[PDB]
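K.L.:
Structure: data.pdb, PDB, C-alpha atoms and all ligand atoms.
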ATOM      1  CA  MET A   1     -29.861  59.420  -2.196
ATOM      2  CA  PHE A   2     -30.139  63.116  -1.339
ATOM      3  CA  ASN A   3     -30.918  65.856   1.171
ATOM      4  CA  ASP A   4     -31.888  69.538   0.984
ATOM      5  CA  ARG A   5     -28.641  70.671  -0.653
ATOM      6  CA  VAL A   6     -27.203  67.765  -2.642
ATOM      7  CA  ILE A   7     -28.284  64.761  -4.691
ATOM      8  CA  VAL A   8     -26.348  61.752  -5.946
ATOM      9  CA  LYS A   9     -26.602  60.922  -9.645
ATOM     10  CA  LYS A  10     -24.662  59.257 -12.441
ATOM     11  CA  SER A  11     -21.619  61.418 -13.190
ATOM     12  CA  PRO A  12     -19.972  61.966 -16.600
ATOM     13  CA  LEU A  13     -16.702  61.496 -14.722
ATOM     14  CA  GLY A  14     -17.783  57.902 -14.209
ATOM     15  CA  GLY A  15     -19.761  56.092 -11.537
ATOM     16  CA  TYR A  16     -21.705  58.227  -9.076
ATOM     17  CA  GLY A  17     -21.186  61.855  -8.102
ATOM     18  CA  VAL A  18     -22.631  64.542  -5.842
ATOM     19  CA  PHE A  19     -24.656  67.359  -7.415
ATOM     20  CA  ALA A  20     -25.949  70.642  -6.008
ATOM     21  CA  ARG A  21     -29.681  70.832  -5.297
ATOM     22  CA  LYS A  22     -29.331  74.524  -4.455
ATOM     23  CA  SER A  23     -26.825  77.329  -5.026
ATOM     24  CA  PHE A  24     -23.619  77.491  -2.973
ATOM     25  CA  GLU A  25     -21.371  80.450  -2.158
ATOM     26  CA  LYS A  26     -17.591  80.031  -1.879
ATOM     27  CA  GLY A  27     -16.553  78.623   1.486
ATOM     28  CA  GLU A  28     -19.984  77.195   2.255
ATOM     29  CA  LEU A  29     -20.221  73.869   4.070
ATOM     30  CA  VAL A  30     -21.598  71.221   1.725
ATOM     31  CA  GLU A  31     -21.332  68.089   3.824
ATOM     32  CA  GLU A  32     -20.177  67.003   7.285
ATOM     33  CA  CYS A  33     -19.874  63.288   7.947
ATOM     34  CA  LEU A  34     -18.309  60.794  10.331
ATOM     35  CA  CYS A  35     -15.605  58.400   9.156
ATOM     36  CA  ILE A  36     -14.668  54.869  10.173
ATOM     37  CA  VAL A  37     -10.943  54.799  10.913
ATOM     38  CA  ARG A  38      -8.633  51.772  10.900
ATOM     39  CA  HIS A  39      -4.946  50.927  10.517
ATOM     40  CA  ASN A  40      -3.948  50.861   6.834
ATOM     41  CA  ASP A  41      -3.383  47.108   6.991
ATOM     42  CA  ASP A  42      -7.025  46.434   7.896
ATOM     43  CA  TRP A  43      -8.276  47.681   4.525
ATOM     44  CA  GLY A  44      -8.592  45.486   1.465
ATOM     45  CA  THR A  45      -8.732  46.665  -2.149
ATOM     46  CA  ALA A  46     -12.498  47.226  -2.010
ATOM     47  CA  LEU A  47     -12.353  50.929  -1.073
ATOM     48  CA  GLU A  48      -8.908  51.966  -2.347
ATOM     49  CA  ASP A  49     -10.379  54.732  -4.486
ATOM     50  CA  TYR A  50     -12.428  56.188  -1.624
ATOM     51  CA  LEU A  51     -10.170  56.052   1.446
ATOM     52  CA  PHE A  52      -8.341  59.050   2.893
ATOM     53  CA  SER A  53      -5.027  58.274   4.582
ATOM     54  CA  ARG A  54      -2.649  59.866   7.084
ATOM     55  CA  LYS A  55       0.426  58.082   8.430
ATOM     56  CA  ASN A  56      -0.551  54.506   9.331
ATOM     57  CA  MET A  57      -4.306  55.139   9.299
ATOM     58  CA  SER A  58      -7.003  55.252   6.622
ATOM     59  CA  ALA A  59     -10.580  56.437   6.931
ATOM     60  CA  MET A  60     -13.779  55.732   5.020
ATOM     61  CA  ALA A  61     -16.138  58.699   4.960
ATOM     62  CA  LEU A  62     -19.798  57.910   5.570
ATOM     63  CA  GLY A  63     -22.714  60.162   4.623
ATOM     64  CA  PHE A  64     -21.996  61.719   1.199
ATOM     65  CA  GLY A  65     -18.298  62.167   1.972
ATOM     66  CA  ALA A  66     -16.874  59.361  -0.147
ATOM     67  CA  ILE A  67     -19.166  60.048  -3.106
ATOM     68  CA  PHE A  68     -17.614  63.374  -4.144
ATOM     69  CA  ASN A  69     -15.493  62.862  -7.256
ATOM     70  CA  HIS A  70     -11.947  64.169  -7.743
ATOM     71  CA  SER A  71     -10.918  66.671 -10.420
ATOM     72  CA  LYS A  72      -7.984  68.720 -11.704
ATOM     73  CA  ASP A  73     -10.216  71.795 -11.459
ATOM     74  CA  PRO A  74     -12.430  71.270  -8.356
ATOM     75  CA  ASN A  75     -15.048  73.602  -6.886
ATOM     76  CA  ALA A  76     -14.809  72.142  -3.384
ATOM     77  CA  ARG A  77     -12.295  70.871  -0.835
ATOM     78  CA  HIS A  78     -12.300  68.237   1.887
ATOM     79  CA  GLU A  79     -11.095  68.682   5.452
ATOM     80  CA  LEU A  80     -10.400  65.940   8.004
ATOM     81  CA  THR A  81     -10.087  66.227  11.778
ATOM     82  CA  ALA A  82      -6.875  65.157  13.521
ATOM     83  CA  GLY A  83      -7.923  61.550  14.103
ATOM     84  CA  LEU A  84      -9.628  61.377  10.699
ATOM     85  CA  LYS A  85     -12.903  60.840  12.565
ATOM     86  CA  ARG A  86     -14.849  63.593  10.810
ATOM     87  CA  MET A  87     -14.804  64.972   7.278
ATOM     88  CA  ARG A  88     -16.097  68.273   5.946
ATOM     89  CA  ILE A  89     -16.532  69.348   2.341
ATOM     90  CA  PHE A  90     -16.458  73.102   1.650
ATOM     91  CA  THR A  91     -16.924  74.927  -1.659
ATOM     92  CA  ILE A  92     -13.904  76.879  -2.925
ATOM     93  CA  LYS A  93     -15.893  78.781  -5.548
ATOM     94  CA  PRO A  94     -19.568  79.538  -6.292
ATOM     95  CA  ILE A  95     -21.721  76.545  -7.264
ATOM     96  CA  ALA A  96     -24.998  76.584  -9.196
ATOM     97  CA  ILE A  97     -27.810  74.026  -9.111
ATOM     98  CA  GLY A  98     -27.133  70.953 -11.231
ATOM     99  CA  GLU A  99     -23.368  71.411 -11.127
ATOM    100  CA  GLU A 100     -21.272  68.522  -9.848
ATOM    101  CA  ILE A 101     -19.310  69.143  -6.660
ATOM    102  CA  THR A 102     -15.730  67.881  -6.896
ATOM    103  CA  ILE A 103     -12.562  67.972  -4.779
ATOM    104  CA  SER A 104      -8.836  67.883  -5.582
ATOM    105  CA  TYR A 105      -6.588  64.846  -6.017
TER
ATOM    106  CA  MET B   1     -23.620  64.327  11.629
ATOM    107  CA  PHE B   2     -27.372  64.684  11.179
ATOM    108  CA  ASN B   3     -30.276  65.678   8.969
ATOM    109  CA  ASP B   4     -33.887  66.729   9.487
ATOM    110  CA  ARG B   5     -34.911  63.366  10.950
ATOM    111  CA  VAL B   6     -31.905  61.590  12.482
ATOM    112  CA  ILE B   7     -28.735  62.470  14.377
ATOM    113  CA  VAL B   8     -25.623  60.455  15.193
ATOM    114  CA  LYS B   9     -24.537  60.364  18.839
ATOM    115  CA  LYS B  10     -22.649  58.114  21.244
ATOM    116  CA  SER B  11     -24.743  55.012  21.936
ATOM    117  CA  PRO B  12     -25.039  53.128  25.249
ATOM    118  CA  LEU B  13     -24.824  50.040  23.046
ATOM    119  CA  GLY B  14     -21.274  51.088  22.234
ATOM    120  CA  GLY B  15     -19.661  53.505  19.809
ATOM    121  CA  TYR B  16     -21.970  55.602  17.651
ATOM    122  CA  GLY B  17     -25.672  55.148  16.991
ATOM    123  CA  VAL B  18     -28.470  56.806  15.025
ATOM    124  CA  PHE B  19     -31.123  58.686  17.005
ATOM    125  CA  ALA B  20     -34.527  60.066  16.036
ATOM    126  CA  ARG B  21     -34.822  63.851  15.779
ATOM    127  CA  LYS B  22     -38.540  63.613  15.041
ATOM    128  CA  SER B  23     -41.300  61.100  15.694
ATOM    129  CA  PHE B  24     -41.599  58.218  13.242
ATOM    130  CA  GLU B  25     -44.723  56.310  12.269
ATOM    131  CA  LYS B  26     -44.658  52.539  11.795
ATOM    132  CA  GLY B  27     -43.217  51.547   8.426
ATOM    133  CA  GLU B  28     -41.838  55.021   7.705
ATOM    134  CA  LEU B  29     -38.654  55.375   5.660
ATOM    135  CA  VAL B  30     -35.831  56.503   7.946
ATOM    136  CA  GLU B  31     -32.920  56.468   5.526
ATOM    137  CA  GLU B  32     -32.131  55.571   1.914
ATOM    138  CA  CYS B  33     -28.505  55.348   0.882
ATOM    139  CA  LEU B  34     -26.213  53.965  -1.793
ATOM    140  CA  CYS B  35     -23.758  51.161  -1.038
ATOM    141  CA  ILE B  36     -20.331  50.305  -2.423
ATOM    142  CA  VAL B  37     -20.387  46.683  -3.570
ATOM    143  CA  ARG B  38     -17.381  44.396  -4.054
ATOM    144  CA  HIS B  39     -16.484  40.710  -4.044
ATOM    145  CA  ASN B  40     -16.144  39.391  -0.468
ATOM    146  CA  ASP B  41     -12.415  38.831  -0.946
ATOM    147  CA  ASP B  42     -11.858  42.523  -1.676
ATOM    148  CA  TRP B  43     -12.742  43.477   1.893
ATOM    149  CA  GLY B  44     -10.314  43.479   4.786
ATOM    150  CA  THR B  45     -11.115  43.342   8.500
ATOM    151  CA  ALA B  46     -11.684  47.098   8.696
ATOM    152  CA  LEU B  47     -15.439  47.073   8.073
ATOM    153  CA  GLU B  48     -16.444  43.486   8.790
ATOM    154  CA  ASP B  49     -18.835  44.650  11.549
ATOM    155  CA  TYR B  50     -20.646  46.987   9.138
ATOM    156  CA  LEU B  51     -20.782  45.055   5.875
ATOM    157  CA  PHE B  52     -23.883  43.341   4.530
ATOM    158  CA  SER B  53     -23.298  40.207   2.472
ATOM    159  CA  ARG B  54     -25.170  38.109  -0.087
ATOM    160  CA  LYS B  55     -23.517  35.176  -1.855
ATOM    161  CA  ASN B  56     -20.001  36.196  -2.926
ATOM    162  CA  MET B  57     -20.632  39.933  -2.597
ATOM    163  CA  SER B  58     -20.475  42.389   0.299
ATOM    164  CA  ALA B  59     -21.667  45.961   0.499
ATOM    165  CA  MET B  60     -20.790  48.972   2.626
ATOM    166  CA  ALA B  61     -23.694  51.368   3.160
ATOM    167  CA  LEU B  62     -22.932  55.062   2.795
ATOM    168  CA  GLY B  63     -25.104  57.850   4.191
ATOM    169  CA  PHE B  64     -26.312  56.848   7.681
ATOM    170  CA  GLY B  65     -26.866  53.219   6.687
ATOM    171  CA  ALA B  66     -23.839  51.637   8.353
ATOM    172  CA  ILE B  67     -24.244  53.605  11.584
ATOM    173  CA  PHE B  68     -27.489  51.999  12.798
ATOM    174  CA  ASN B  69     -26.735  49.626  15.680
ATOM    175  CA  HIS B  70     -28.011  46.055  16.023
ATOM    176  CA  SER B  71     -30.356  44.978  18.819
ATOM    177  CA  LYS B  72     -32.305  41.979  20.103
ATOM    178  CA  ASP B  73     -35.360  44.247  20.315
ATOM    179  CA  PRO B  74     -35.085  46.599  17.283
ATOM    180  CA  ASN B  75     -37.519  49.290  16.172
ATOM    181  CA  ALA B  76     -36.357  49.280  12.550
ATOM    182  CA  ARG B  77     -35.269  46.992   9.709
ATOM    183  CA  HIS B  78     -32.920  47.213   6.751
ATOM    184  CA  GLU B  79     -33.707  46.342   3.164
ATOM    185  CA  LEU B  80     -31.235  45.828   0.323
ATOM    186  CA  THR B  81     -31.877  45.824  -3.404
ATOM    187  CA  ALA B  82     -30.971  42.683  -5.360
ATOM    188  CA  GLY B  83     -27.520  43.919  -6.380
ATOM    189  CA  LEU B  84     -26.960  45.368  -2.897
ATOM    190  CA  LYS B  85     -26.486  48.803  -4.461
ATOM    191  CA  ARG B  86     -29.111  50.538  -2.324
ATOM    192  CA  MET B  87     -30.128  50.232   1.318
ATOM    193  CA  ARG B  88     -33.307  51.417   2.997
ATOM    194  CA  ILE B  89     -34.012  51.601   6.716
ATOM    195  CA  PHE B  90     -37.700  51.434   7.692
ATOM    196  CA  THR B  91     -39.224  51.610  11.169
ATOM    197  CA  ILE B  92     -41.125  48.509  12.278
ATOM    198  CA  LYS B  93     -42.844  50.360  15.106
ATOM    199  CA  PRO B  94     -43.466  53.969  16.167
ATOM    200  CA  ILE B  95     -40.300  55.766  17.270
ATOM    201  CA  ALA B  96     -40.164  58.769  19.600
ATOM    202  CA  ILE B  97     -37.716  61.672  19.571
ATOM    203  CA  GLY B  98     -34.443  60.786  21.269
ATOM    204  CA  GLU B  99     -34.900  57.042  20.874
ATOM    205  CA  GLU B 100     -32.058  55.150  19.233
ATOM    206  CA  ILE B 101     -33.010  53.514  15.939
ATOM    207  CA  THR B 102     -31.791  49.918  15.762
ATOM    208  CA  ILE B 103     -32.143  46.969  13.382
ATOM    209  CA  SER B 104     -32.120  43.181  13.838
ATOM    210  CA  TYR B 105     -29.093  40.882  13.722
TER
HETATM  211 CL    CL C 201     -11.882  46.983   3.343
END
Here is a file; write its structure as C-alpha cells.
P.N.:
Amino acid sequence: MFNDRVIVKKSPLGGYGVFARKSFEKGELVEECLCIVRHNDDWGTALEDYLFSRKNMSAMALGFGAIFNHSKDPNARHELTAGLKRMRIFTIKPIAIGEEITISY
Amino acid sequence: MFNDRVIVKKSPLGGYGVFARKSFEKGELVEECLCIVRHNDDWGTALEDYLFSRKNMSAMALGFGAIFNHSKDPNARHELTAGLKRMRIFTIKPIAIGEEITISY
C-alpha cells in the first residue's frame, strides 16, 4: 500500500507504519483522508487503538490516516475537521526518505 | 480525498463514492489497500455496512477500499487475500473518466 509520497511497511514500533517515499519539509501535508463517524456506542473493541474521539463521537480514518503510529517524539501531527469527517496529517519537522512518520499521543 | 487515478465525491447512490480520474482498461488494478482484521464479535454496528467477512473474522479496508459503493451492475470487483489482510479492487470492464467505480453485492 503506497502512493507518491508514502509507503506502508512493518514498523519497529510494532504492526504497520507509514514511511516517507520522498523528503518532507516542516508543515507539509502528508495525507488527507475521509473518516467514517459514529456515536461512541456504535464502536466495538476492534478499532479502539485507531479511533479518534470528540465528545460522544468517534471516527475511523480511511486512506492512510489510521496507519500512522503514535510516539513521544513525533515528526507529524493530525488535524480533524469539526464533525470529524476529514483528517489531515502535517509534518512538524523535516522528514527524510525512509523515516517513519508518527504523530503524538 | 483522491490520488492520480480516483477521487471521492458525493454519489447519487447515496453518501460517498469513488470516481475515476483517468480511463481504466478491463482488469486494471484500481486500488490496493491494507485491512484491519478482527474477530466478528469485536465489531460494533458502526461499520457493518463496510466490513467484509469470512468465517469468524471481519475486515475493514483502509485506503479507498471501503468507499467503493455496491451496485447491481458494477464495473469493478473486490478481492481479498486469505487472511483478509489485503484488498484489491480491479475493473471488470473499461471505465471512463467521471464514472463511479462500483463492486457487486
Ligand atoms: Cl467497530
K.L.:
Name every residue that the PyMOL selection byres (((not hetatm)) within 12 of (chain C and resi 201)) selects in this structure, writing the answer as a ChimeraX atom specification with chains first and numbers rising.
P.N.:
/A:36-51,58-60 /B:36-51,58-60
K.L.:
Please produce a file of those selected residues containing C-alpha atoms, as a short mmCIF file (atom, residue, chain, number, x, y, z; two decimals), in the coordinates of the input.
P.N.:
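Contents of the output file again.cif:
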data_model
loop_
_atom_site.label_atom_id
_atom_site.label_comp_id
_atom_site.auth_asym_id
_atom_site.auth_seq_id
_atom_site.Cartn_x
_atom_site.Cartn_y
_atom_site.Cartn_z
CA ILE A 36 -14.67 54.87 10.17
CA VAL A 37 -10.94 54.80 10.91
CA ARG A 38 -8.63 51.77 10.90
CA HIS A 39 -4.95 50.93 10.52
CA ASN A 40 -3.95 50.86 6.83
CA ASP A 41 -3.38 47.11 6.99
CA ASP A 42 -7.02 46.43 7.90
CA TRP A 43 -8.28 47.68 4.53
CA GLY A 44 -8.59 45.49 1.46
CA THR A 45 -8.73 46.66 -2.15
CA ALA A 46 -12.50 47.23 -2.01
CA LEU A 47 -12.35 50.93 -1.07
CA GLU A 48 -8.91 51.97 -2.35
CA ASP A 49 -10.38 54.73 -4.49
CA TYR A 50 -12.43 56.19 -1.62
CA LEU A 51 -10.17 56.05 1.45
CA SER A 58 -7.00 55.25 6.62
CA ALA A 59 -10.58 56.44 6.93
CA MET A 60 -13.78 55.73 5.02
CA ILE B 36 -20.33 50.30 -2.42
CA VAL B 37 -20.39 46.68 -3.57
CA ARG B 38 -17.38 44.40 -4.05
CA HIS B 39 -16.48 40.71 -4.04
CA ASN B 40 -16.14 39.39 -0.47
CA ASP B 41 -12.42 38.83 -0.95
CA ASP B 42 -11.86 42.52 -1.68
CA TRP B 43 -12.74 43.48 1.89
CA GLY B 44 -10.31 43.48 4.79
CA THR B 45 -11.12 43.34 8.50
CA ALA B 46 -11.68 47.10 8.70
CA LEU B 47 -15.44 47.07 8.07
CA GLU B 48 -16.44 43.49 8.79
CA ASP B 49 -18.84 44.65 11.55
CA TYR B 50 -20.65 46.99 9.14
CA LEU B 51 -20.78 45.06 5.88
CA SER B 58 -20.48 42.39 0.30
CA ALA B 59 -21.67 45.96 0.50
CA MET B 60 -20.79 48.97 2.63
#
K.L.:
Under the PyMOL selection byres (((chain B and resi 29) around 9) and not hetatm), which residues of this model are included? Write them out as a ChimeraX atom specification.
P.N.:
/B:24,27-28,30-32,88-91
K.L.:
With distances taken over only C-alpha atoms, which residue among A:25, A:57, A:17, A:70 lies nearest residue A:93?
P.N.:
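Closest to residue A:93, using only C-alpha atoms: A:25.
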K.L.:
So, counting only C-alpha atoms, which residue among B:62, B:87, B:6, B:35 is closest to chain A?
P.N.:
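Using only C-alpha atoms, the shortest distance to chain A belongs to B:62.
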K.L.:
Can you measure atom CA of residue A:19 to atom CA of residue B:86 for me? One decimal in Å is fine.
P.N.:
18.1 Å
K.L.:
What's the separation between atom CA of residue B:21 and atom CA of residue A:63, in Å to one decimal place?
P.N.:
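Pair atom CA of residue B:21 / atom CA of residue A:63 returns 16.9 Å.
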K.L.:
Point out the residue among B:96, B:76, B:67, B:103 with the least atom-to-atom distance to residue B:10, counting all atoms listed in the file.
P.N.:
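Residue with the minimum atom-to-atom distance to residue B:10: B:67.
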K.L.:
Could you pull the residues within 12 Å of residue A:22, counting all atoms listed in the file, minus those fewer than 6 positions along the same chain, as a ChimeraX atom specification?
P.N.:
/A:2-7,28,30,94-101
K.L.:
Mind writing the picked residues with C-alpha atoms as a PDB file, keeping the file's coordinate frame?
P.N.:
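out_33.pdb, freshly written:
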ATOM      1  CA  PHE A   2     -30.139  63.116  -1.339  1.00  0.00           C
ATOM      2  CA  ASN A   3     -30.918  65.856   1.171  1.00  0.00           C
ATOM      3  CA  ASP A   4     -31.888  69.538   0.984  1.00  0.00           C
ATOM      4  CA  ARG A   5     -28.641  70.671  -0.653  1.00  0.00           C
ATOM      5  CA  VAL A   6     -27.203  67.765  -2.642  1.00  0.00           C
ATOM      6  CA  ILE A   7     -28.284  64.761  -4.691  1.00  0.00           C
ATOM      7  CA  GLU A  28     -19.984  77.195   2.255  1.00  0.00           C
ATOM      8  CA  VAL A  30     -21.598  71.221   1.725  1.00  0.00           C
ATOM      9  CA  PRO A  94     -19.568  79.538  -6.292  1.00  0.00           C
ATOM     10  CA  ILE A  95     -21.721  76.545  -7.264  1.00  0.00           C
ATOM     11  CA  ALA A  96     -24.998  76.584  -9.196  1.00  0.00           C
ATOM     12  CA  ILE A  97     -27.810  74.026  -9.111  1.00  0.00           C
ATOM     13  CA  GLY A  98     -27.133  70.953 -11.231  1.00  0.00           C
ATOM     14  CA  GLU A  99     -23.368  71.411 -11.127  1.00  0.00           C
ATOM     15  CA  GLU A 100     -21.272  68.522  -9.848  1.00  0.00           C
ATOM     16  CA  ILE A 101     -19.310  69.143  -6.660  1.00  0.00           C
TER      17      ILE A 101
END
K.L.:
From the list B:74, B:84, B:11, B:33, which residue is nearest residue B:56 when using all atoms listed in the file?
P.N.:
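Ranked by minimum distance to residue B:56, first place goes to B:84.
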K.L.:
Enter the distance from atom CA of residue A:53 to atom CA of residue A:83, in Å, rounded to one decimal.
P.N.:
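Here the two named atoms are 10.5 Å from each other.
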K.L.:
Choose the residue, out of A:26, A:104, A:16, A:9, that has the smallest atom-to-atom separation from residue A:77; count all atoms listed in the file.
P.N.:
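Smallest separation from residue A:77 among the options: A:104.
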K.L.:
Nearest residue to chain A out of B:66, B:80, B:85, B:14, using only C-alpha atoms?
P.N.:
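Between B:66, B:80, B:85, B:14, the residue approaching chain A most closely is B:66.
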